[PDB]
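Q: Got a structure for you, written out below as structure tokens; questions coming shortly.
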Amino acid sequence: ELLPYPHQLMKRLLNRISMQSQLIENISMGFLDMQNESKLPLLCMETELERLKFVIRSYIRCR
Amino acid sequence: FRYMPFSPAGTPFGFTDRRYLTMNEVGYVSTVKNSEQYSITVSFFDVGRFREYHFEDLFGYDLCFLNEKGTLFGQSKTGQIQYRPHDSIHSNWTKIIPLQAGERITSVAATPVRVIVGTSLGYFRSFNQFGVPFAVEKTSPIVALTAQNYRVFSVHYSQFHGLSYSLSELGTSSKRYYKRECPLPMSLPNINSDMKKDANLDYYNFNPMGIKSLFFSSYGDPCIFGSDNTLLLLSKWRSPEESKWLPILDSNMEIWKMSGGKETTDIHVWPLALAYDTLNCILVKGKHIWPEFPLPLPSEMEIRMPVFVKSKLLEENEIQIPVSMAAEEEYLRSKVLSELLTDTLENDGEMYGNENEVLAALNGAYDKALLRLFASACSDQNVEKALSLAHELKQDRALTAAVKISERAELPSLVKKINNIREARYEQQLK
Amino acid sequence: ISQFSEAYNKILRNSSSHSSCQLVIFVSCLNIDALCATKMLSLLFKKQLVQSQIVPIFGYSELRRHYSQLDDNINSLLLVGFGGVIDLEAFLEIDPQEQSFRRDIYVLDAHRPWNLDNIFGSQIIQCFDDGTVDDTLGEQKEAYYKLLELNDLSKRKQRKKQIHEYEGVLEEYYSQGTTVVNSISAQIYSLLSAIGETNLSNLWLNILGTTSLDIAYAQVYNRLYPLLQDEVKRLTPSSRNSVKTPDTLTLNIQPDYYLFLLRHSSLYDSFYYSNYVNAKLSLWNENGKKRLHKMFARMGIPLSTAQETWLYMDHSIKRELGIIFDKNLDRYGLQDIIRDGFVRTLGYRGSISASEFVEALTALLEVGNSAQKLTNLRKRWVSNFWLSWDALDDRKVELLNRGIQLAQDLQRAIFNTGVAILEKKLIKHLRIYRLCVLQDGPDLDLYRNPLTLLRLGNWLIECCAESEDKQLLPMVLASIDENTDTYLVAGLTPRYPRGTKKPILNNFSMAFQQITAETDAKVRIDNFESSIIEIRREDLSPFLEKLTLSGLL
Amino acid sequence: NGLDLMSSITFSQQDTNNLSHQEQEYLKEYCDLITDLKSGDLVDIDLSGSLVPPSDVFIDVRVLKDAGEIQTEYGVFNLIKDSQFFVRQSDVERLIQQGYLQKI
Amino acid sequence: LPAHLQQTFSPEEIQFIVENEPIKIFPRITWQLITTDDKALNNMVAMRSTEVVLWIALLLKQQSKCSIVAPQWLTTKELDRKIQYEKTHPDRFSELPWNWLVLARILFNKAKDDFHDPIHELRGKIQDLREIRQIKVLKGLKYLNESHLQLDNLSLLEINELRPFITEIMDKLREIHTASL
């Protein structure tokens with residue numbers, strides 16, 4: 001049977017998934033303008049948000 | 001006494017036609033002989049920074065030393081040397097060292113600002129990074145060399161003398177000596193009559209001294225590992241009359257505890273790198289004590305002080321050590337490491353930037369381990385032994401904790417003795 | 001001028017972003033060695049973590065419709081062997097835009113005639129000039145160097161003749177036949193060794209491409225007999241056998257034969273291509289179909305233990321041929337059989353050498369599938385190319401044998417008609433060459449794709465590989481399957497019976513410029529390789545009349 | 001539910017596309033409702049596909065049976081016929097479900 | 001609306017909950033990681049352990065600038081003592097690493113050519129232990145009571161494999177027991 005939707009924590013991180021998407025939004029663009037080096041810190045940040053974004057994608061569909 | 005060409009962590013041919021020239025924390029250099037020449041292939045552990053390359057040898061360079069900036073090759077017979085930088089900025093250079101009859105190059109070394117070439121007669125010829133020759137110095141014969149970008153460490157031995165150690169620095173104006181030919185009591189290998197048919201005879205023929213590996217630590221302390229399987233570290237190297245060798249690791253006790261009390265000889269320890277708490281090694285399983293083609297994965301082995309009994313561990317039973325027995329070993333390990341880390345920061349400063357968190361955690365575990373021995377002395381009613389343990393505390397918060405252990409053990413006279421130590425330290429601090 | 005480590009780091013920083021900064025490489029499918037060079041370059045770009053785009057192009061006229069129409073911010077174009085002869089900068093206009101330019105191609109041309117503009121006067125064409133040719137026409141330091149800038153009535157008159165003196169040395173040059181002098185396997189593998197990446201898969205890969213040129217030339221890989229030897233010893237994985245390891249891909253050496261694909265199978269269909277080897281001697285059918293029956297049916301060839309006898313205890317018989325042909329050595333002296341060769345294994349799954357391995361890649365590239373038919377013919381060869389490129393994994397096993405069983409009928413197909421055109425006796429030595437026109441036979445469909453045609457010539461150049469102590473000239477064939485008489489006519493090379501002293505590359509491409517320059521009356525050079533053109537039916541007869549008089553050798 | 005020209009629910013079972021044409025207004029009332037569920041999320045979360053979890057970040061993909069120029073967003077990939085790619089992960093999710101790229 | 005695999009997990013996400021656990025590495029390289037669960041370090045020092053999460057280290061191995069240490073029970077001299085405590089105990093399984101089966105399969109793709117002689121030994125010493133578990137599971141389900149079971153040490157994988165049938169047999173027999181009264 002259905003369980004109580006814990007809305008309080010969800011919106012608390014739903015702000016967070018907006019923020020780091022905007023954090024990488026500028027800092028890539030700052031890396032393009034400084035390009036006339038390290039390709040580590042971009043790729044990890046790109047995959048980490050969407051994996052958490054993947055989890056709630058299933059989580060609301062089963063509702 | 002005929003000498004032999006020595007290299008760092010070099011392995012002999014054995015029953016094959018191929019062997020390793022050198023081995024360190026940067027990588028390994030091996031050679032493959034196919035009936036007429038040698039093929040030197042240099043492989044590294046860090047595939048991302050540098051690119052693996054290989055070339056054909058037409059001179060048979062057997063002496064090699066690897067550092068962070070280049071690769072040096074040397075010939076013991078003709079005296080021809082060659083330095084190969086990894087980066088494309090500097091070009092290759094070739095020079096032939098003149099050698100007389102009998103005299104051979106036994107050990108080579110390479111730093112980014114100085115070139116060190118040692119011979120069998122003890123001639124010390126030093127060159128710079130551009131090839132300008134310096135003054136020729138005549139000393140004792142050199143059999144082993146190690147360096148980490150700035151200093152020269154030489155080991156001397158002849159037929160009418162014994163093993164010694166020297167520590168010097170090749171400055172811009174002149175050569176300055178920290179240690180000048182002080183005696184080194186490292187044990188020699190005892191080859192018996194039954195070793196002539198043993199399979200490990202080939203390792204001692206290429207290296208008669210039994211020096212498996214030697215290198216400097218991450219914080220600047222000299223280390224050596226001979227045939228006696230005991231890791232020796234040089235303490236108080238800034239003071240020539242106060243220099244002491246302290247054994248902090250032994251392989252002969254660690255193999256017996258991990259194997260469940262067995263007596264096998266298929267497990268060994270080959271030192272690669274040591275950065276203040278863990279000696280990096282390869283677990284070689286087999287009859288030979290030297291590695292061959294493809295290297296297994298590296299494991300981690302933390303250092304332990306060799307202080308145990310053998311009959312007492314069997315009565316109390318991977319072999320496990322109890323709480324009470326491990327407090328004595330933890331006290332000896334933390335006391336040596338805290339003294340060396342304190343003198344390094346007050347004279348050389350920080351190197352990585354996180355030394356203060358390591359020092360705070362080490363000093364906290366030092367006072368905590370002493371309280372376990374302090375609690376055991378109060379339980380056996382030995383008030384006098386508990387008094388001497390209180391003076392070894394460093395932190396002021398550890399003295400407050402000693403009062404609570406004393407009150408629980410019903411010893412009111414021991415409580416007042418802790419307070420006299422507290423008043424004496426406050427008076428000395430205000431002077 | 002291009003040091004090998006330098007261009008790699010230079011092309012690294014130019015496109016290493018996580019966007020559409022896409023560098024794109026181009027490759028022909030019409031060559032086997034063209035494939036294997038590219039495959040090893042891609043995988044290191046994977047582990048150097050860069051985005052890419054791979055497109056095949058089969059046709060030289062197709063290059064405009066694949067580049068010059070779809071470009072946005074491609075700064076780094078890459079190409080494998082296309083423009084050693086025709087200048088692409090005249091073929092494709094690129095105006096100078098933004099000295100430190102904005103988009104720079106490289107080139108990996110493998111051919112002998114070069115183009116002076118592409119090395120000297122380089123501004124977008126950063127060619128691979130390192131220690132390949134140190135004598136890049138070393139007399140050129142005053143010919144074009146005075147062609148660039150070009151009382152004076154007697155002085156300039158001499159100066160025009162010096163230009164005319166420069167004109168002849170640019171006239172005899174740019175008038176040579178072509179080959180590939182050095183394989184593209186040789187260059188990039190040497191480049192990676194300057195970087196230093198140790199994988200035996202690379203050492204398995206680079207030797208494949210140079211093995212492909214074993215049937216087109218001789219002494220090119222005869223220089224590489226040491227460079228095969230040192231690397232397999234310097235990259236020694238093991239001194240012991242260290243047996244029963246399913247992995248680790250051990251590398252060895254074993255002798256092997258012109259009689260081919262034996263370790264895969266069929267000492268049965270060896271009987272045909274043993275007679276190929278006797279087609280190298282003095283016959284095609286007659287004496288051999290007696291003569292083979294001293295050396296072959298000595299053992300009846302079984303059904304179950306022939307999985308074991310011509311797999312395993314043929315080592316008693318390879319020894320026996322090894323002790324048959326040692327006494328056929330001072331007496332027969334025919335040294336087209338014993339060869340050093342190279343082999344590999346997989347731990348299990350049989351021993352597979354590289355001699356037969358290039359054979360499967362050719363046939364599997366062939367089969368395995370107005371102006372409305374050529375489009376649906378050109379879409380085929382790109383597609384069936386694609387299923388050969390992924391043949392270099394372990395993941396293809398039960399498709400690997402598919403080409404194998406395909407190969408041992410295609411030769412049985414190609415030999416079925418080669419014996420026909422011999423017995424028809426339609427080869428005519430007119431004066432210079434021999435001409436043969438396959439007007440119509442059976443199974444004409446397997447002659448559209450040109451990779452079979454060089455093999456048919458490779459069988460046909462060896463029927464005439466007897467003594468022939470005058471007129472060592474190869475042939476020109478003719479065949480037609482489709483409408484309007486397309487006629488993919490081609491030329492071959494003359495051959496040597498293992499005695500190249502004379503410089504025999506080609507004379508036809510010099511004449512191919514001539515006939516194409518005459519009238520433009522439905523002639524085509526749209527196919528890539530210059531050794532193949534097209535003709536019309538009413539033009540092949542005035543083709544030869546222009547060729548029997550124009551002696552340009 | 002809308003990934004590439006959604007309202008083309010045509011070229012699809014014409015003998016029953018008149019059958020479910022009475023159900024199309026039922027069907028499009030899912031489709032209209034599924035649009036505002038895509039927009040009524042306060043942040044942009046995909047609800048169109050991507051149900052299998054991601055594993056890596058670099059995937060070799062080939063193409064066939066397709067032509068033209070597509071993918072105006074996230075950088076144009078310039079799709080020519082029968083030419084493979086080697087790209088990052090998140091881009092091809094809207095095209096594999098579209099059915100243009102073929103093999104992973 | 002999946003409507004395909006709803007009552008259980010598919011086998012592609014059971015690895016997804018285990019990849020988010022940390023292990024130890026041997027780093028090599030020198031801002032860096034701001035990934036909301038990061039612990040980015042400074043210029044990192046080799047020859048030392050660090051609890052690092054798994055999935056970033058696999059990505060760190062494709063660019064090949066680090067190395068992995070195996071966990072402490074992944075030697076052949078350790079697994080043998082597991083096979084004796086079970087062969088004397090047919091009642092249940094004794095000692096379990098709890099995620100062992102999915103842990104090895106990730107560890108056999110450029111995480112195997114690092115360790116010291118594990119080929120022709122390790123796959124020997126694992127695939128035997130898979131069936132010995134599942135031989136034990138076949139005797140257990142024959143002993144099925146009503147509404148009370150004893151599974152003490154099971155991997156997550158068999159739990160994803162016993163699952164979609166063990167429900168509806170005992171559920172369908174739950175009806176005939178309960179609807180009888």
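Note on naming: chains are A, B, ... as they come in the structure tokens, residues start from 1 per chain, ligands start from 1 in the order shown.
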Could the residues of chain E that have an atom at most 8 Å from chain D be listed as a tab-separated table, each with its closest atom pair and the distance in Å to one decimal, counting only C-alpha atoms and ordered by chain and ascending residue number?

A:
```
residue	atom	partner	partner_atom	distance
E:12	CA	D:53	CA	7.0
E:13	CA	D:53	CA	6.6
E:16	CA	D:53	CA	7.8
E:59	CA	D:56	CA	7.9
```

Q: Output the selection as a short mmCIF file (atom, residue, chain, number, x, y, z; two decimals), in the first residue's frame - N, CA, C and O atoms for each residue.

A:
```cif
data_model
loop_
_atom_site.label_atom_id
_atom_site.label_comp_id
_atom_site.auth_asym_id
_atom_site.auth_seq_id
_atom_site.Cartn_x
_atom_site.Cartn_y
_atom_site.Cartn_z
N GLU E 12 20.08 -4.44 -13.14
CA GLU E 12 21.01 -3.37 -13.48
C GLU E 12 21.05 -2.28 -12.43
O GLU E 12 21.88 -1.38 -12.52
N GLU E 13 20.16 -2.33 -11.46
CA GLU E 13 20.20 -1.35 -10.40
C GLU E 13 20.58 -1.96 -9.08
O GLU E 13 20.79 -1.23 -8.11
N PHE E 16 23.56 -0.75 -8.62
CA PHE E 16 23.57 0.67 -8.39
C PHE E 16 23.52 1.01 -6.91
O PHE E 16 23.97 2.08 -6.51
N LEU E 59 35.89 5.42 -12.63
CA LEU E 59 36.13 6.46 -13.61
C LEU E 59 37.55 6.97 -13.52
O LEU E 59 38.15 7.33 -14.54
#
```

Q: Skipping near chain neighbours, those fewer than 3 positions away, what residues fall within 12 Å of residue 16 of chain A using only C-alpha atoms, listed as number ranges by chain?

A: A: 9-13, 19-23, 49, 52-53; D: 43; E: 35-36

Q: Keeping only C-alpha atoms, write the selected residues to a file as a JSON list (two decimals), in the first residue's frame.

A:
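Result went into part-v1.json, see below:
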```json
[["chain", "number", "residue", "atom", "x", "y", "z"],
["A", 9, "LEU", "CA", 13.06, 16.72, 2.75],
["A", 10, "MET", "CA", 12.28, 16.53, -0.97],
["A", 11, "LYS", "CA", 11.86, 20.27, -1.49],
["A", 12, "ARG", "CA", 14.91, 20.81, 0.74],
["A", 13, "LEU", "CA", 17.14, 19.08, -1.78],
["A", 19, "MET", "CA", 21.94, 25.18, -7.33],
["A", 20, "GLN", "CA", 24.71, 22.86, -8.46],
["A", 21, "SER", "CA", 23.24, 22.83, -11.94],
["A", 22, "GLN", "CA", 23.71, 26.59, -11.82],
["A", 23, "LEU", "CA", 27.12, 26.20, -10.18],
["A", 49, "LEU", "CA", 23.89, 15.40, -10.20],
["A", 52, "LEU", "CA", 20.56, 11.70, -8.03],
["A", 53, "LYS", "CA", 18.30, 13.12, -10.70],
["D", 43, "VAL", "CA", 12.35, 21.87, -11.65],
["E", 35, "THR", "CA", 30.34, 16.84, -5.55],
["E", 36, "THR", "CA", 28.13, 17.42, -2.44]]
```

Q: If you run DSSP on the backbone, which residues of chain A are alpha helix (DSSP H), as a PyMOL selection string?

A: chain A and resi 7-33+40-61

Q: Quick one: pick out all strand (DSSP E or B) residues within segment 103-205 of chain C from a backbone DSSP run and write them as a ChimeraX atom specification.

A: /C:105-107,111,125-127,180

Q: Out of C:43, C:177, C:349, C:392, which residue has the shortest atom-to-atom distance to residue 504 of chain C when counting only C-alpha atoms?

A: C:177

Q: Could you list, as a PyMOL selection string, the residues of chain A having an atom within 10 Å of chain C when counting only C-alpha atoms?

A: chain A and resi 28+31-32+35+37-39+42-43

Q: Tell me, as a list in words, which residues lie within 8 Å of residue 81 of chain D, counting only C-alpha atoms; anything in the same chain fewer than 6 positions away does not count.

A: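 The residues satisfying every condition are residues 63, 64, 65, 66 and 67 of chain D.
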
Q: Just N, CA and C atoms for this one: save the residues we selected as a PDB file, in the first residue's frame.

A:
```
ATOM      1  N   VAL D  63      25.361   4.426 -36.281  1.00  0.00           N
ATOM      2  CA  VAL D  63      24.102   4.898 -36.844  1.00  0.00           C
ATOM      3  C   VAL D  63      23.832   4.158 -38.146  1.00  0.00           C
ATOM      4  N   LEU D  64      22.545   4.012 -38.459  1.00  0.00           N
ATOM      5  CA  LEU D  64      22.069   3.628 -39.778  1.00  0.00           C
ATOM      6  C   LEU D  64      20.626   4.100 -39.913  1.00  0.00           C
ATOM      7  N   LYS D  65      20.032   3.787 -41.072  1.00  0.00           N
ATOM      8  CA  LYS D  65      18.651   4.042 -41.505  1.00  0.00           C
ATOM      9  C   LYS D  65      18.144   5.460 -41.252  1.00  0.00           C
ATOM     10  N   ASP D  66      19.039   6.440 -41.228  1.00  0.00           N
ATOM     11  CA  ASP D  66      18.632   7.789 -40.865  1.00  0.00           C
ATOM     12  C   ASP D  66      19.453   8.799 -41.647  1.00  0.00           C
ATOM     13  N   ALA D  67      18.897   9.992 -41.825  1.00  0.00           N
ATOM     14  CA  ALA D  67      19.582  11.059 -42.527  1.00  0.00           C
ATOM     15  C   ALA D  67      19.078  12.398 -42.014  1.00  0.00           C
TER      16      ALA D  67
END
```

Q: Can you tell me, as a VMD selection string, what residues are no more than 8 Å from segment 24-39 of chain B when counting only C-alpha atoms, ignoring any on the same chain fewer than 2 positions away?

A: (chain B and resid 8 to 9 17 to 22 41 to 46 54 to 58 60 66 to 68 272 to 273) or (chain C and resid 230 233 to 236)

Q: Output as an MDAnalysis selection string the set of chain D residues within 9 Å of chain C, with distances taken over only C-alpha atoms.

A: chainID D and resid 58 74:78 80:88

Q: How would the residues just chosen look if you wrote them out with N, CA and C atoms as a PDB file, in the first residue's frame?

A:
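Generated file (result31.pdb):
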```pdb
ATOM      1  N   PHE D  58      31.211   7.144 -21.361  1.00  0.00           N
ATOM      2  CA  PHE D  58      31.671   7.124 -22.744  1.00  0.00           C
ATOM      3  C   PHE D  58      31.235   5.847 -23.441  1.00  0.00           C
ATOM      4  N   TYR D  74      22.183  21.263 -27.434  1.00  0.00           N
ATOM      5  CA  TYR D  74      23.314  20.566 -26.804  1.00  0.00           C
ATOM      6  C   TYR D  74      24.480  20.386 -27.768  1.00  0.00           C
ATOM      7  N   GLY D  75      24.635  21.335 -28.683  1.00  0.00           N
ATOM      8  CA  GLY D  75      25.615  21.212 -29.737  1.00  0.00           C
ATOM      9  C   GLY D  75      25.128  20.306 -30.845  1.00  0.00           C
ATOM     10  N   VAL D  76      25.272  20.747 -32.084  1.00  0.00           N
ATOM     11  CA  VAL D  76      24.835  19.936 -33.210  1.00  0.00           C
ATOM     12  C   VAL D  76      25.879  18.866 -33.467  1.00  0.00           C
ATOM     13  N   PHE D  77      25.424  17.628 -33.578  1.00  0.00           N
ATOM     14  CA  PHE D  77      26.293  16.483 -33.756  1.00  0.00           C
ATOM     15  C   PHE D  77      26.552  16.158 -35.212  1.00  0.00           C
ATOM     16  N   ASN D  78      25.856  16.833 -36.132  1.00  0.00           N
ATOM     17  CA  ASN D  78      26.063  16.752 -37.574  1.00  0.00           C
ATOM     18  C   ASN D  78      25.943  15.327 -38.089  1.00  0.00           C
ATOM     19  N   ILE D  80      25.712  12.507 -40.303  1.00  0.00           N
ATOM     20  CA  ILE D  80      25.787  12.028 -41.671  1.00  0.00           C
ATOM     21  C   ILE D  80      25.403  10.559 -41.604  1.00  0.00           C
ATOM     22  N   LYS D  81      25.071   9.980 -42.750  1.00  0.00           N
ATOM     23  CA  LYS D  81      24.723   8.569 -42.827  1.00  0.00           C
ATOM     24  C   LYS D  81      25.912   7.688 -42.453  1.00  0.00           C
ATOM     25  N   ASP D  82      25.598   6.553 -41.812  1.00  0.00           N
ATOM     26  CA  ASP D  82      26.454   5.392 -41.482  1.00  0.00           C
ATOM     27  C   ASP D  82      27.858   5.761 -41.005  1.00  0.00           C
ATOM     28  N   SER D  83      27.888   6.448 -39.874  1.00  0.00           N
ATOM     29  CA  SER D  83      29.116   6.982 -39.316  1.00  0.00           C
ATOM     30  C   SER D  83      29.011   6.987 -37.804  1.00  0.00           C
ATOM     31  N   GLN D  84      29.918   6.287 -37.132  1.00  0.00           N
ATOM     32  CA  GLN D  84      29.750   6.120 -35.702  1.00  0.00           C
ATOM     33  C   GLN D  84      30.199   7.358 -34.944  1.00  0.00           C
ATOM     34  N   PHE D  85      29.895   7.359 -33.655  1.00  0.00           N
ATOM     35  CA  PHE D  85      30.268   8.446 -32.773  1.00  0.00           C
ATOM     36  C   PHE D  85      31.112   7.871 -31.658  1.00  0.00           C
ATOM     37  N   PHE D  86      31.568   8.752 -30.776  1.00  0.00           N
ATOM     38  CA  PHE D  86      32.111   8.341 -29.498  1.00  0.00           C
ATOM     39  C   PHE D  86      31.904   9.501 -28.528  1.00  0.00           C
ATOM     40  N   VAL D  87      30.787   9.481 -27.813  1.00  0.00           N
ATOM     41  CA  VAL D  87      30.322  10.688 -27.144  1.00  0.00           C
ATOM     42  C   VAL D  87      30.095  10.453 -25.664  1.00  0.00           C
ATOM     43  N   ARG D  88      29.637  11.490 -24.963  1.00  0.00           N
ATOM     44  CA  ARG D  88      29.228  11.306 -23.580  1.00  0.00           C
ATOM     45  C   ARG D  88      27.854  10.668 -23.471  1.00  0.00           C
TER      46      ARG D  88
END
```

Q: Need the shell around residue 275 of chain C: protein/DNA/RNA residues with any atom at most 9 Å away, counting only C-alpha atoms. Skip same-chain ones fewer than 4 positions apart. Format as a PDB file with C-alpha atoms, in the first residue's frame?

A:
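Below you can see around33.pdb, which holds the result:
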```pdb
ATOM      1  CA  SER C 270      45.216 -26.773 -50.236  1.00  0.00           C
ATOM      2  CA  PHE C 271      45.091 -29.047 -53.329  1.00  0.00           C
ATOM      3  CA  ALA C 279      51.095 -22.451 -61.115  1.00  0.00           C
ATOM      4  CA  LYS C 280      54.184 -20.655 -59.943  1.00  0.00           C
ATOM      5  CA  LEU C 281      56.257 -23.454 -61.375  1.00  0.00           C
ATOM      6  CA  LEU C 283      51.729 -25.598 -65.159  1.00  0.00           C
ATOM      7  CA  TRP C 284      48.176 -25.008 -64.020  1.00  0.00           C
ATOM      8  CA  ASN C 285      46.669 -28.463 -64.208  1.00  0.00           C
ATOM      9  CA  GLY C 288      50.525 -31.581 -61.181  1.00  0.00           C
ATOM     10  CA  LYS C 289      47.349 -33.628 -61.254  1.00  0.00           C
ATOM     11  CA  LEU C 292      50.608 -33.865 -56.678  1.00  0.00           C
TER      12      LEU C 292
END
```

Q: Report as a PyMOL selection string all protein, DNA and RNA residues lying within 9 Å of segment 138-144 of chain E, evaluated on only C-alpha atoms, omitting residues in the same chain fewer than 6 positions from it.

A: chain E and resi 91-92+150-151+166+170

Q: Please determine, counting only C-alpha atoms, which residue among B:209, B:108, B:101, B:301 has the shortest atom-to-atom distance to residue 157 of chain B.

A: B:209

Q: Determine, for each residue of chain C having at least one atom at most 9 Å from an atom of chain B, the closest pair of atoms and their separation in Å to one decimal, counting only C-alpha atoms; order by chain and ascending number, as a tab-separated table.

A:
```
residue	atom	partner	partner_atom	distance
C:5	CA	B:88	CA	9.0
C:48	CA	B:48	CA	8.8
C:192	CA	B:53	CA	8.2
C:193	CA	B:53	CA	5.2
C:194	CA	B:53	CA	5.9
C:195	CA	B:51	CA	4.4
C:196	CA	B:52	CA	3.0
C:197	CA	B:52	CA	4.7
C:198	CA	B:52	CA	6.5
C:230	CA	B:39	CA	7.6
C:231	CA	B:39	CA	8.5
C:233	CA	B:34	CA	6.3
C:234	CA	B:39	CA	5.1
C:235	CA	B:41	CA	7.7
C:236	CA	B:32	CA	6.9
C:237	CA	B:293	CA	6.5
C:238	CA	B:293	CA	5.9
C:239	CA	B:16	CA	6.8
C:240	CA	B:16	CA	8.8
```

Q: Keeping only N, CA, C and O atoms, take the residues you just selected and write them out as a compact mmCIF listing (two decimals), in the first residue's frame.

A:
```
# COMPACT_ATOMS: atom_id res chain seq x y z
N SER C 5 56.39 13.74 -31.44
CA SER C 5 55.74 14.01 -30.17
C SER C 5 55.02 15.35 -30.18
O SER C 5 54.03 15.52 -29.47
N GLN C 48 42.49 8.60 -23.68
CA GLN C 48 42.84 9.98 -23.41
C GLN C 48 41.62 10.87 -23.36
O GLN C 48 41.76 12.09 -23.25
N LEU C 192 53.82 6.06 -30.99
CA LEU C 192 53.37 5.61 -29.68
C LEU C 192 54.53 5.14 -28.83
O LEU C 192 54.51 5.29 -27.60
N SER C 193 55.56 4.57 -29.46
CA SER C 193 56.74 4.17 -28.71
C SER C 193 57.52 5.37 -28.20
O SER C 193 58.19 5.26 -27.18
N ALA C 194 57.42 6.51 -28.88
CA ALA C 194 57.97 7.74 -28.34
C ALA C 194 57.16 8.23 -27.15
O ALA C 194 57.68 8.98 -26.31
N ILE C 195 55.90 7.82 -27.06
CA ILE C 195 55.12 8.06 -25.86
C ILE C 195 55.30 6.91 -24.88
O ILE C 195 55.43 7.13 -23.67
N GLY C 196 55.31 5.68 -25.38
CA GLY C 196 55.71 4.56 -24.55
C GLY C 196 54.59 3.78 -23.89
O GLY C 196 54.57 3.66 -22.67
N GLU C 197 53.63 3.27 -24.67
CA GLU C 197 52.51 2.52 -24.13
C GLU C 197 52.66 1.05 -24.47
O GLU C 197 52.72 0.69 -25.65
N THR C 198 52.70 0.22 -23.44
CA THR C 198 53.08 -1.18 -23.57
C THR C 198 51.81 -2.02 -23.59
O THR C 198 51.23 -2.31 -22.54
N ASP C 230 63.02 -7.52 -32.78
CA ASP C 230 63.41 -6.88 -31.54
C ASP C 230 62.23 -6.64 -30.61
O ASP C 230 62.38 -6.76 -29.39
N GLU C 231 61.07 -6.32 -31.17
CA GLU C 231 59.96 -5.91 -30.33
C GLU C 231 59.34 -7.10 -29.62
O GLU C 231 58.98 -7.00 -28.45
N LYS C 233 60.93 -9.61 -28.64
CA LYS C 233 61.87 -9.95 -27.58
C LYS C 233 61.95 -8.87 -26.51
O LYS C 233 62.13 -9.20 -25.33
N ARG C 234 61.85 -7.60 -26.89
CA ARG C 234 61.89 -6.55 -25.88
C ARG C 234 60.60 -6.53 -25.08
O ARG C 234 60.62 -6.21 -23.89
N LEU C 235 59.49 -6.88 -25.71
CA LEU C 235 58.20 -7.00 -25.03
C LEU C 235 57.93 -8.44 -24.66
O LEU C 235 56.83 -8.95 -24.83
N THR C 236 58.98 -9.13 -24.22
CA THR C 236 58.89 -10.49 -23.70
C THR C 236 57.99 -10.52 -22.47
O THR C 236 58.30 -9.87 -21.47
N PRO C 237 56.87 -11.24 -22.52
CA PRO C 237 56.03 -11.31 -21.32
C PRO C 237 56.54 -12.30 -20.30
O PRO C 237 56.28 -12.13 -19.10
N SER C 238 57.27 -13.33 -20.73
CA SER C 238 57.56 -14.45 -19.84
C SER C 238 58.74 -15.23 -20.38
O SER C 238 58.95 -15.33 -21.59
N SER C 239 59.52 -15.78 -19.45
CA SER C 239 60.59 -16.71 -19.80
C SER C 239 60.11 -18.15 -19.80
O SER C 239 60.56 -18.94 -20.64
N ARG C 240 59.19 -18.50 -18.91
CA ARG C 240 58.62 -19.83 -18.82
C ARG C 240 57.45 -19.93 -19.80
O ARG C 240 57.05 -18.94 -20.43
```

Q: Compile the residues of chain A that lie within 9 Å of chain D, evaluated using only C-alpha atoms, and express the compilation as a list in words.

A: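 Taking only C-alpha atoms into account, residues 14, 15, 17, 18, 43, 47, 50, 51, 53, 54, 55, 56, 57, 58 and 61 of chain A sit within 9 Å of chain D.
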
Q: Grab the atom CA of residue 158 of chain B to atom CA of residue 191 of chain B distance for me, in Å with one decimal place.

A: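 Spanning atom CA of residue 158 of chain B to atom CA of residue 191 of chain B is a straight-line distance of 18.3 Å.
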